[PDB]
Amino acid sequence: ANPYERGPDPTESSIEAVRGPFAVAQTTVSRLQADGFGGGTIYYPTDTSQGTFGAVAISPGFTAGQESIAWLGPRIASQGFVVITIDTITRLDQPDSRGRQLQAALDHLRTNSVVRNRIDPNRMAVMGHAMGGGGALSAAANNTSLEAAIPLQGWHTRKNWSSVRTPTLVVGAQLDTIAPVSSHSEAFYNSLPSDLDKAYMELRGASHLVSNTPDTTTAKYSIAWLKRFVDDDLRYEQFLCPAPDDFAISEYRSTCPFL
């Protein structure tokens, strides 16, 4: 049996839920306490009886704070993850810096006194919105040990992601005028290795800021991706393979069935 499985068997409704089966608590990392990032909030399950949990770091985008991504923290953590939503050192940091700060936030979790005993430090993942999604790709491109990467409406000047060895879900917004999918999201998917475990999901009718308020499509497939690749939880592959039926999804492609 897979020792990383957490929670009961999933359904479409269970991954769509605003809160999963794990009650969550939170702790704050101040800007002064944070080495190499701007502080953040750590959301974690309070129930330890099923074992430790994988860890996820999430970055906002250009001219955006932690509040623009905060909703993802408890929504993902309540499914069985330790999740840190960060502020960046400055609001004008570019994607490569945001990726370095995602790595710094993950490094911070390893010695954080509140969550040290709740994390599996060998099972880690990065996500981000807009420039923060570019940062998530950069972080994975600099660390082949990361288990999942999820850029949401990602923005980056770098279009070639052939160095990435981390399973990646690219979430685009169909009507994005800031990080249009043709030159950002889909370009990133296409340059990821053709044999990587990867998927492209486009949100029908969505604008650039879809990730900054609760979006159930984003949440459900982000949760399924983290389960499948941070926990190796095969119970969640059913939601990723084949192309979802969601009317909310205007385009999709993947390297299903996953390795």
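Numbering starts at 1 and runs along the sequence shown.
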Using only C-alpha atoms and the B-factors in the entry, which stretch averages higher, 137-145 or 112-120? 112-120
Per the PDB entry, mean CA B-factor is higher for 43-51 or 200-208, namely for 43-51
Highest Cα B-factor in the PDB entry belongs to which of 190, 26, 222, 59? 26
Taking the chain's C-alpha temperature factors as the reference, tell me which third residue 63 falls into: lowest, middle or highest. highest
By the recorded C-alpha temperature factor, relative to the other modelled residues in its chain, which third is residue 234 in? highest
Temperature factor at the Cα of residue 177, chain-ranked in thirds, falls in the highest
Grab the CA temperature factor for residue 217 from the record and place it in the lowest, middle or highest third of its chain. lowest
Lowest, middle or highest third: where is residue 165 by C-alpha B factor in its chain? middle
